[PDB]
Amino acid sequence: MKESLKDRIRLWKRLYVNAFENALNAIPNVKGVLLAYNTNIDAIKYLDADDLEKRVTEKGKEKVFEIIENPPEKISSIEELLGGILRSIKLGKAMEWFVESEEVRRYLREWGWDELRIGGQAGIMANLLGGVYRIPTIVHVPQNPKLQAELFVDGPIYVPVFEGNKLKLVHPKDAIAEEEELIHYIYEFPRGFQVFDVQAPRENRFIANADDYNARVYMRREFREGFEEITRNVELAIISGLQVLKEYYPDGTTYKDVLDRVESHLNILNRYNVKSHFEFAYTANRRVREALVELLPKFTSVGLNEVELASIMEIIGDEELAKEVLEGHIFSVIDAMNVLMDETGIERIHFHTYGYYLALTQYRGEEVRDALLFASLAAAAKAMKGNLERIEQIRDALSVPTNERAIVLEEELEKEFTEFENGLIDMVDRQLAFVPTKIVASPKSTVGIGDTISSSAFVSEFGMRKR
């Protein structure tokens, strides 16, 4: 049956408002979520031409400009920091270098920040799931100074504290201690920024990471010892922050030290039938990347984008597929997703990119589609306001026009697969769900959108399936 694009656009409108209502009613059904490993502080500085100008000349825009062409590994100089910000302005691509010099670290603080917000994939997810969705959340916070603890929004957000051979769950502000401030200085520039000669073709950002704890994924005592106690409190779990692991460290330690600890956590989660999602962020190290892929079988769900899916295909050996996946060919993406599920036996894969999301699941049902639709609204709301606070703000996203090209793209899925409903395809032993998303032109924040996308779909889908 023929279906005009205007009718299709109308049809998705109804699906979106229904998914939303369905999600709002299901969310209250999730008993608890554990957010693990990376949490920190995000110090945001809105770049000012004159300031950066005055600043670069100071050190001497000599070395600074040499850094643009020959970028270093980490930031060990003030030249390397400014050369790095500019370069990020040039290529207009998002970068992040690790500040190794305590000297540069003092520079960063003096330079200051315009505002502060929680950082870390776990941290951002805590404020969203706990503060916004109000789902009782337990989160890992490596260092909890007062500056860190107060970045947490009021809501059912807890941190585990060993109260005399008694594991208690208390709010961050009630668990402050004299620890280190783990700051990630985020420098952002508009779609058109003006510095020296260089112009920015897009609104991006450079991150100066002065975080020594999340770099090595150090675990709090409670997570290394009372993990089984914590786990008893949750229904779901979202793991992240491992993409930082290196094969070898100068102190003779290795990635194995950490993964060994992580694998035993997954076994406890499994033992209690906790559904877990892994955020497979891009992992530059191949050996570490291979290790993470072998861990996948122990997870219920996975989330990844194009670059990440492709990166897995490369190590999995499917080098031809990875190339097309990076090429953005949607029928190739589906292929890679099926290959990955064949390879790992994982229960669910949520793929997100610009314009549409895909979810390959072994189980069937509309909940997977509505969850992806709720997540798309949440991502739009977030990009719109920059900062979410109430679950209502998400209702505003309904006014954002759906990606029309993704709608046209469904027609091809339709002639290729067995759509039994819109965005729903029946496969022999699995289901495929497709959802055209809502792109926000010139967004506010854009800092934790990917986390917003993955956690919102994973959590809401579960509440909906929990029924």
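Residue numbers run from 1 along the displayed sequence.
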Average Cα temperature factor in the PDB entry - higher stretch of 328-336, 91-99: 91-99
Segment of higher mean CA temperature factor, 139-147 or 245-253: 245-253
Given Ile41, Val435, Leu409, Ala441, the residue at which the Cα B factor reaches its maximum: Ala441
Highest recorded Cα temperature factor - choice among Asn70, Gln431, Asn422, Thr402: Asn70
Chain third (lowest, middle, highest) by recorded CA B-factor, residue given as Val17: middle
Chain-wide C-alpha B factor ranking for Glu414, given as lowest, middle or highest third: middle
Relative C-alpha B-factor of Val161, binned into the chain's lowest, middle or highest third: highest
Third of the chain, ranked by Cα B-factor, where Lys382 sits: middle
Third of chain Cα B-factors occupied by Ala208: middle
